[PDB]
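Take a look at the letters that make up each chain.
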There are 2 protein chains.
Amino acid sequence: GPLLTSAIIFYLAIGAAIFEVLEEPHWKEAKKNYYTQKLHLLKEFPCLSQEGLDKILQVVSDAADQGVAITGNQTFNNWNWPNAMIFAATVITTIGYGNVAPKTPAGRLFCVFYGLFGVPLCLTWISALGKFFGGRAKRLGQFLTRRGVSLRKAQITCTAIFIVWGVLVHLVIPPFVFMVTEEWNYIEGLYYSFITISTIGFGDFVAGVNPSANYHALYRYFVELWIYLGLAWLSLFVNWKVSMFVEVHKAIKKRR
Amino acid sequence: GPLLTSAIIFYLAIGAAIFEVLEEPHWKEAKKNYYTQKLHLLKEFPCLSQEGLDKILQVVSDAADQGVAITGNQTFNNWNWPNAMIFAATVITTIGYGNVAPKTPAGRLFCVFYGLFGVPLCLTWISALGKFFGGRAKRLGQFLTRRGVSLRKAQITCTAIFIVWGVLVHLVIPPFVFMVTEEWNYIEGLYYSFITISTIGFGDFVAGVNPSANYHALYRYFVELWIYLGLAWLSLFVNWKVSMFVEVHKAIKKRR
Ligand SMILES: [K+]
Ligand SMILES: [K+]
Ligand SMILES: [K+]
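Every chain's residues are listed with numbers counted from 1 in the order the sequence is written; these need not match the entry, and residues without coordinates are not shown. Working convention: letters from A go to chains and numbers from 1 go to ligands, in the order in which they are written. In computing side-chain properties, one takes all heavy atoms of the structure into account and sets aside hydrogens as well as water.

**Q** Could you give an account of the overall build of chain A, naming the residues involved and the relevant values?
**A** Secondary structure assignment for chain A yields 10 helices and 0 strands. Think of it this way: any DSSP run of H or I at least four residues long counts as a helix, any run of E at least two long counts as a strand, and we number them from the N terminus. In sequence order, chain A lays out its α and β elements as α-α-α-α-α-α-α-α-α-α. Computed over the C-alpha atoms, the radius of gyration of chain A is 24 Å, more than 25% above the 18 Å expected from 2.2 N^0.38 for a compact globule of 256 residues. Reported as C-alpha extents along the three principal axes, the dimensions of chain A are approximately 85 × 45 × 40 Å. Note on exposure labels: buried denotes an accessible area under 20% of the residue type's maximum, exposed denotes more than 50%, and partly exposed covers the range between, all computed with a 1.4 Å probe on protein chains only. When burial is assessed residue by residue, chain A has 43% of its 256 residues classed as buried. Contacts are residue-level and defined by heavy atoms, with any inter-residue pair within 4.5 Å sufficient. Residue pairs in contact within chain A that sit at least 24 positions apart in sequence constitute 60% of those at least 6 positions apart. The accessible surface values rely on the Shrake-Rupley method and a 1.4 Å probe; as for residues, cover is taken only from the protein chains in view. Summed over its atoms, the accessible surface of chain A is roughly 13900 Å², and 69% of this surface lies on carbon and sulfur atoms. For chain A, the separation between the mean place of its 23 positive charges and that of its 15 negative charges on side chains is 23 Å. The globule rule used for comparison is 2.2 Å times the number of residues to the exponent 0.38, while the radius of gyration itself is calculated over C-alpha atoms. Counting rule applied: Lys, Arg positive; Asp, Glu negative; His and chain ends not counted. Charge placement uses NZ in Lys and CZ in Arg. For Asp and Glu, CG and CD serve respectively.

Okay, here's the thing in structure tokens:
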């Protein structure tokens, strides 16, 4: 499509405008609140002049630069054996959340090598896993529909059931799980589920990382298994690009 | 098959071990240094009590959640027109830097659907322009090599030249450009280059977002264009998956 790039440009433009009108006033009022609360904090202690608060902000911005927390009790220990097991998984999945990242040059270069040698490995593993699940699921579905009441287009209904299963278990139900275990309303839950599935990983919402919470010994592992199952399920429709694309576009000639 | 998953488990285990032994010591030193700097800020300021520092830290962490900068002069305006355009560009690329993200429930709910409708669109567009570039490069290389001496391996030489060209232009050379314009030592530039090429996007390093730096008027657009071309070259190799995979491993059967 020679007009596909024009579509891209128009889409980028309108999305930028909507994001502007939606978020910019919030950012302005947030900055204004930050400024007035800084001023109020200065009024709380005139003995601490503006420069003292500047130095405080500098120490804070450098602590946040070295990974440690800001609020207090920065004893989460993101870099121990059970947790680095999880950070390694979000690297080889191209999620790259952003709440934790290497800070040492040796560590940075090792992370480069680890990604370079693992991302292809992890992607092939996930592709094979998803292909195996898809094959076995189609086999069992066909065996049930043929031994039972046979259908003319059972394959269409089968893939419909499969896609609704995926969308239900990965974008609708997890918001309710995280509502009770992570204290997120449905909007944040859906937002985090989608950010994770697409391997976008903004990292502003990460499950199983909250110092003021109680988690089971194998909770983060359950979350990681959920993430990997999501990526595996997605791999099928990633591979069905042209097949499903023409399958759905064959009827578009009637609609347009 | 089932042995591959064992490879994955051992890979994750050793990666977690090395990542621990690398960052965990420096993370502990960072935490202790933050603690000691806190104690120094406390002792140097008598009127600033422990609870006062707690309140300041909480207010900073609260504003830092909204996206504002902690340092000062947060006049970057990540949500003006061009910055929103570039953010939209990163979102639909599965990069998700995660240094900026929508903080409004309406904004998050809109970003979910924006991703849903753009990520497949942008992936298709990148794949199309990549196949275009690859076909043009292939026909040009063949027209050049058929004039002079040719061979069956000639196409293999063309593939090798294209591989090394991509490696140089997107992985090895950019660190020098960013040493010039961003003042990153080579390891930082290489780390950032790889992270953005593999669509990990940790967001610790982003090219073109610095309040104190003085960038050109088209700097960010050029960076984004280079990113798009890099991901196009990446997709070209992605679609070259199994052509080289099964061709070479069978050649070693005759070697023994
Ligand atoms: K990604
Ligand atoms: K990311
Ligand atoms: K990502």
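**Q** Got a sec to walk through the coordination of the potassium ion (ligand 1)? Specific residues and values, please.
**A** Shown as donors are all N, O and S atoms within 2.8 Å of a metal ion, widened to 3.2 Å for Na, K and Ca; because water is not in the atom set, sites may appear incomplete. Note on the potassium ion (ligand 1): its protein donors are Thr-94 of chain A (O), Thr-94 of chain A (OG1), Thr-199 of chain A (O), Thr-199 of chain A (OG1), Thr-94 of chain B (O), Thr-94 of chain B (OG1), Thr-199 of chain B (O) and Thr-199 of chain B (OG1). The metal-donor distances range over 2.8 to 3.0 Å. The two metals, the potassium ion (ligand 1) and the potassium ion (ligand 3), are separated by 3.6 Å and share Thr-94 of chain A as a common coordinating residue. Of this pair, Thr-94 of chain A sits in the loop between α3 (81-91) and α4 (105-147) while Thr-199 of chain A sits in the loop between α7 (186-197) and α8 (219-239); the two residues are 105 residues apart in sequence, bridging distant segments of the chain. One exposure class covers both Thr-94 of chain A and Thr-199 of chain A, and it is buried.

**Q** Could you give me a rundown of the UniProt feature "transmembrane region" (unreviewed entry) in chain A, with the residues and numbers involved?
**A** All names here are of chain A. UniProt positions are given in the numbering used here, feature names are shortened, and annotations may be inferred rather than shown by experiment. In the UniProt entry, the feature "transmembrane region" (unreviewed entry) is given for residues 2-22, 81-100, 112-133, 154-178, 190-209 and 221-240. Counted over residues 112-133, helix gives 100% and strand 0%. Its end C-alpha atoms are 31 Å apart. In residues 154-178, helix accounts for 92% and strand for 0%; the two terminal C-alpha atoms are 35 Å from one another.

**Q** Give a detailed account of the state of the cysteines, specifying residues and quantitative values.
**A** By definition, disulfides here are pairs of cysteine sulfur atoms that lie within 2.5 Å. Here the structure, examined in full by the defined rule, presents 1 disulfide over all chains. Linked covalently through their sulfurs, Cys-47 of chain A and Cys-47 of chain B form a disulfide whose S-S length is 2.0 Å. Its torsion about the S-S bond being 135°, the disulfide of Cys-47 of chain A and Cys-47 of chain B is classed as right-handed. Of this pair, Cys-47 of chain A sits in the loop between α1 (4-44) and α2 (50-65) while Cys-47 of chain B sits in the loop between α1 (2-43) and α2 (50-66), placing the two residues on different chains. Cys-47 of chain B gets classed as partly exposed once you look at its relative accessible area, which sits at 34%. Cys-122 of chain B takes part in no disulfide bond, and the closest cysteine sulfur to it belongs to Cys-111 of chain B, at a distance of 14 Å. With a relative accessible area of 1%, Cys-122 of chain B lands in the buried category.

**Q** Would you mind going over α1 of chain A in detail, with residue names and values included?
**A** Look at α1 of chain A: 58 Å from first C-alpha to last across 41 residues, which is about the 60 Å you get at 1.5 Å a residue. We define the bend at each residue as the angle formed by axes fitted to the 7 residues ending at it and the 7 residues starting at it. Considering bend angle alone, the principal kink of α1 of chain A is centred on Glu-23 of chain A and spans about 35°; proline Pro-25 of chain A follows within four residues of it. To estimate how far a helix should reach, multiply one less than its number of residues by 1.5 Å.

**Q** Outline the interface of chain A and chain B, listing residues and values.
**A** With 90 residues of chain A in contact, the opposing surface of chain B contributes 89 residues. For the pair chain A and chain B, the summed buried area comes to about 9000 Å², and 77% of that belongs to carbon and sulfur atoms. In what follows, salt bridge is the name for a side-chain nitrogen of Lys or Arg lying within 4 Å of a carboxyl oxygen of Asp or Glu. For the pair chain A and chain B, the number of links is 2 salt bridges. Of the charged contacts in the structure, one is a salt bridge between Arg-108 of chain B and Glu-188 of chain A, with a shortest N-O distance of 3.9 Å. Counted as a polar contact is a pair of N or O atoms within 3.5 Å, where, for protein atoms, one must be capable of donating a hydrogen and the other of accepting one, and residues adjacent in sequence contribute only when both atoms are in side chains. Applying the counting criterion to the chain A and chain B interface returns 7 residue pairs in polar contact. With 24 residues, α1 of chain A is the single largest residue contributor to the side of chain A that touches chain B. Of the residues contributing to the side of chain A that touches chain B, the split by class is 56 nonpolar, 22 polar and 12 charged. Simply put, the buried area is the total loss of 1.4 Å probe accessible area from both parts when two parts are fitted together. Three classes are used: nonpolar for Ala, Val, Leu, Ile, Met, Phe, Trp, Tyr, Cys and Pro, charged for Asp, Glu, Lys and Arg, and polar for all others, with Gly counted as polar.

**Q** Can you break down the environment of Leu-190 of chain B residue by residue, with the values?
**A** For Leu-190 of chain B, the location among the structural elements is in helix α7 (residues 186-197). A sequence separation of 15 residues divides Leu-190 of chain B from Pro-175 of chain B, and the C-alpha atoms of the two residues are 5.5 Å apart. For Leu-190 of chain B, the residues in contact, after removing those within four places along its chain, are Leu-109 of chain A together with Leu-171 and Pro-175 of chain B.

**Q** An account of the relation of the copies chain A and chain B is needed here, citing residue identities and associated values.
**A** Structural superposition of the copies relies on a least-squares fit of C-alpha atoms. Aligned on chain B, chain A shows an RMSD of 1.1 Å; the corresponding rotation is 180° and the shift along the axis is 0.2 Å. Taken together, the rotation and translation relating the two chain copies correspond to the operation of a two-fold axis. Among all residues of chain A, the one whose C-alpha sits closest to the rotation axis is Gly-98 of chain A, at a distance of 2.9 Å. The fraction of interface residues of chain A whose copies in chain B are also interface residues reaches 93%, indicating that both copies meet through the same surface.

**Q** With reference to specific residues and values, describe the packing of α4 of chain A against α1 of chain B.
**A** Helix-helix packing is characterised by the crossing angle of the two axes and by the distance between the axes. Interaxial distance between α4 of chain A and α1 of chain B falls to 11 Å at its minimum, and their mutual angle equals 165°. For the element pair α4 of chain A / α1 of chain B, the angle class is roughly antiparallel. Crossing of α4 of chain A against α1 of chain B: the hand is left-handed. Two secondary-structure elements touch here, α4 of chain A through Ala-106, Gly-107, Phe-110, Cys-111, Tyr-114, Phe-117, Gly-118, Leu-121 and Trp-125 of chain A and α1 of chain B through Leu-4, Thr-5, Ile-8, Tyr-11, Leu-12, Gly-15, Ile-18, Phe-19, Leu-22 and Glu-23 of chain B. Partitioned by chemical class, the residues of the contact of α4 of chain A with α1 of chain B number 14 nonpolar, 4 polar and 1 charged. Interaxial angle, 0 to 180 degrees, is taken between N-to-C directions of lines fitted to C-alpha atoms, where a helix line uses only the stretch in contact. The scheme is simple: roughly parallel for angles under 35 degrees, roughly antiparallel for over 145, roughly perpendicular for 65 to 115, oblique for anything else. Crossing handedness follows the turn of the near helix against the far one: under a right angle anticlockwise gives a left-handed crossing, and clockwise gives a right-handed one.

**Q** Account for the nonpolar core, naming residues and giving values.
**A** Nonpolar core, defined: a set of buried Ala, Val, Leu, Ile, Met, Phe, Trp, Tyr and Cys residues in which side-chain atoms within 4.5 Å join the residues together. With 115 residues, the main nonpolar core has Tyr-191, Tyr-192 and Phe-202 of chain A together with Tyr-191, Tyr-192, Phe-202 and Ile-227 of chain B as its most contacted residues. Looking at which element gives the most residues to this core, the answer is α1 of chain A, with 10 residues. Every residue in contact with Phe-202 of chain B, bar those within four places of it in the chain, is listed here: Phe-87, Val-91, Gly-96, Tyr-97, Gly-98, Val-100, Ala-101 and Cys-111 of chain A together with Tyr-97, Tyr-191 and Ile-195 of chain B.

**Q** Talk me through the side chain of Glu-182 of chain A; I want residue IDs and the actual numbers.
**A** Residue and element names in this part refer to chain A. On the secondary structure map, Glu-182 appears in the loop between α6 (174-181) and α7. Buried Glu-182, no salt bridge; nearest opposite-charge side chain is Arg-220, N-O distance 7.9 Å. Among the polar contacts made by the side chain of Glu-182, one reaches the main-chain amide nitrogen of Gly-208 at a distance of 2.7 Å. A polar atom in the side chain of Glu-182 sits 2.9 Å from the side chain of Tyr-215. For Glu-182, the residues in contact, after removing those within four places along its chain, are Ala-207, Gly-208, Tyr-215 and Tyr-219.

**Q** So what about helix α5 (residues 154-171) of chain A? Which residues, and what values?
**A** Residue and element names in this part refer to chain A. Over its 18 residues, α5 runs 25 Å from end to end, which matches the ideal 26 Å to within 8%, given 1.5 Å per residue. Within α5 the residues assigned to the buried category are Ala-154, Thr-159, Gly-166, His-170 and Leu-171. Buried-residue contacts for α5 involve α4, α6, α7 and α8.

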